[PDB]
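Starting off, we have a lone chain in the form deposited in one PDB entry, written out as structure tokens.
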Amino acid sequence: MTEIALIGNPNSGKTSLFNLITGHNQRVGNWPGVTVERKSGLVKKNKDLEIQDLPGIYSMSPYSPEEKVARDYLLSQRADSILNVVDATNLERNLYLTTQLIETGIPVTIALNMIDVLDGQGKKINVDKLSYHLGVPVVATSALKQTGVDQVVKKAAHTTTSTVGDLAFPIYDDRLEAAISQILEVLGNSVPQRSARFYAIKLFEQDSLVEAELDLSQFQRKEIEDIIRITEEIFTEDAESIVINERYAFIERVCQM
């Protein structure tokens, strides 16, 4: 059983796609926060695949307990594949979560949803260019028009932890990359090897939840803290700002193409 997880911002159309894929009639509403818990189902056209509908999430640093459900599912390493549902009308903001999903080490396939609205707004995105610069497969989809749904399930099924070798993580400012490497060595075996980069960046971000979940040694805590301090002076900017800016700068470079 291949495990595919529907991850994306709230109101991106995850349940709409789920319902089409599974034949289900799970709750779909035109406001953020309808889906509040996990729901599994089998892919109608390919019964070997199990797909998970999860609540909308703005980032892997959750604000509400509903956002925690999606995060915990991915970090528990249950999912073989991340089907990242992206709102094409709000691309830049949706990609902020995308950068974090890749970092989890679970291969990401993008469903570039609501392509119909984008067509009605008189705009077009070079799908192949976006896919190449992002390092992940991209299929333009519409849940309304029922466009590209089967194709994106197909690709997600072929982009799992079992079929993908080395992954293409988003590369940031080289000065931050040095800090990430050092934290990766400090971390050693305190985290899964697959998700190591995700945790390393979140520890640099001083994410309270990650810090508590990992329960790192006093020696590890001192060295990370030292790595952050030095990198802050190099960047002449606070740790949270460095990462936030570096994600959006990466997003900027990808979108212009």
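One-based numbering along the sequence shown. Rigid core: the largest C-alpha set superposing within 1.5 Å between the two forms.
Same protein, other form: the form deposited in another entry, not shown, and the subject of what follows.
No residue of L216, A200, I228, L49 other than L216 has its CA displaced by 2 Å or more between this form and the one not shown when the core is superposed. With the core held fixed, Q26 shows a CA shift of 2 Å or greater between this form and the one not shown. Shown here is a form in which the CA atoms of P32 and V127 lie at least 3 Å closer together than they do in the other entry. In the other entry, the CA atoms of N25 and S81 come closer by at least 3 angstroms compared with the shown structure.
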